[PDB]
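The data below hold one chain only, encoded as structure tokens and taken in the form deposited in one PDB entry.
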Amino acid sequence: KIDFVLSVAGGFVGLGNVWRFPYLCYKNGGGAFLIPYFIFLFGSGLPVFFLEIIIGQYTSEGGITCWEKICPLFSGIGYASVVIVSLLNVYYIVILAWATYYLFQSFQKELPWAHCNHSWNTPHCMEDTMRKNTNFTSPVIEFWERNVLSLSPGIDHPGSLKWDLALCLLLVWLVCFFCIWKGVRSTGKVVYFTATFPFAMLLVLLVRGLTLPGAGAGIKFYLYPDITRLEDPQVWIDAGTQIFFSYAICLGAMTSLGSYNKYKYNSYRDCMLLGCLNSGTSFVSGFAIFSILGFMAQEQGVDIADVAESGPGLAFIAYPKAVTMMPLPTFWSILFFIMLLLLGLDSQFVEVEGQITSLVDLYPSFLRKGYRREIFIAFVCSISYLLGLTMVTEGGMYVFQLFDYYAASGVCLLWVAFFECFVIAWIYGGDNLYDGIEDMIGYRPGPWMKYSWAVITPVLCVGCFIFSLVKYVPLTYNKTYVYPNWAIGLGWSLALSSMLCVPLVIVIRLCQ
């Protein structure tokens, strides 16, 4: 029953809640992030999640073709989701590549980031333990910034392609290809492990984090807000994307997950449970990582807002620092990186299988099992690897950060979600959906969610977008570097490559 549904949904938590949420909550202050986080959650997250589940269940088609009989004129939501999930597959596998590199470098007796007496460290390096005794730098951040991937002075100098990371990325892609070769999703007792290990790892990390000194400052920074920061659109614009990324909203996956359920199945309670559980695990992981970050700041004796990198690498700077202090660091490090690989992989298979099925639905005659689908999967993996080689070279962090900020976040996700809510609440109508639910499942849901879809989400999205446009600021990596105009143009081209799908399909349909 409930144990079975939690066993099925154990794959809900992924690299999102464990990695992306911390650095998004850290880039622009922690306390000023929770208020728009929860506002956007209860305004759009659970509403749009439930909406995707209902559309996938009511209509047997799940994905691109769900909108074919709801509103054909707005069919571009599926294409936008396909483009967004393709870019997501492009830049998501790099996190797994870094995790694999750490796993391979963690088999040694002494962890590489324990000390910085190595051949890739400047003399200015100092051990953070002895730091309290404007040019010093902790060993972990220096290691992550040079040995893991060397940083050029800017994006204008791509440098030379790295080889060890390329090999790790190729290994991960080959593992994914050879696992989709057969398919190991159908599991018996293994689903118990695949659902218990991540939670146990997170729980022991939580215990370690809040049992460490200096966690109080991290908790206060995470919770206590700053009203003045709400005056900048960055906090709202990234709080309206982190919660959408966590639930895989608008990625075309949740609109097809509900297609497996039958007509008479109470999906309301399941959707509420998964949403609340995802929010809770994200919140507790935030406590853990901000506690370890506060401990890092306490030993480093520097301001919390700049103690660590304010970019995609926050997890790889906090979590290894946490497992370093745990007894027998090698064992816990190996287990943790296996956990990261398991979660990120499972997300990678769902993101990929969804994309492949969605694109095959476009041309069903081209690929009907056999070997043509096999070579198509091989081609997709090869092209994704080649494209991902761009952000793994020397100074590859800038391309990755820009592509993450402008690919599956920022304005594209809010754009897709706003049109989704607008069409569902202004052509199909919330009353019609409640009538269908009432005649479909037991109990009539409260009128809260129809008002939600009608007002709370579209107003929030439009206001955030316009408020960002008026107070336009360039995207900056970390806090001391500024992109050139052409880099921002490239990022905006990336975002438009997703956003323009809806107007393009609209005008094509209006032509005939």
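Counting begins at 1, following the sequence as shown. By rigid core we mean the largest C-alpha set that fits within 1.5 Å across both forms.
Although it is not shown, the form solved in complex with a small molecule is what the next lines describe.
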item: Triplet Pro22, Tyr26 and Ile289 all within 4.5 Å of the small molecule in the entry with it bound via a heavy atom; value: no
item: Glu351: touches the small molecule in the entry with it bound, heavy atom cutoff 4.5 angstroms; value: yes
item: In the entry with it bound, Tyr92 touching the small molecule (heavy atom, 4.5 Å); value: yes
item: In the entry with it bound, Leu151 touching the small molecule (heavy atom, 4.5 Å); value: no
item: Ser259: touches the small molecule in the entry with it bound, heavy atom cutoff 4.5 angstroms; value: no
item: Option touching the small molecule, based on a heavy atom within 4.5 Å in the entry with it bound, out of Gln298, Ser310, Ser347, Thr194; value: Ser347
item: Of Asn121, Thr187, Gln234, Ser150, the one whose Cα moves 2 Å or more between this form and the one not shown after core superposition; value: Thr187
item: Large Cα shift (2 Å or above) at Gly301 between this form and the one not shown, core-fitted; value: no
item: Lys369: Cα shift of 2 Å or greater between this form and the one not shown (core-aligned); value: yes
item: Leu6 C-alpha shift between this form and the one not shown of 2 Å or more, rigid core reference; value: yes
item: Pair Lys189/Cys271, Cα separation in the entry with it bound versus the displayed form, closer or farther by 3 angstroms or more; value: closer
item: Shift in CA distance, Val184 and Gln355, in the entry with it bound relative to the form shown here, given it is 3 Å or more; value: closer
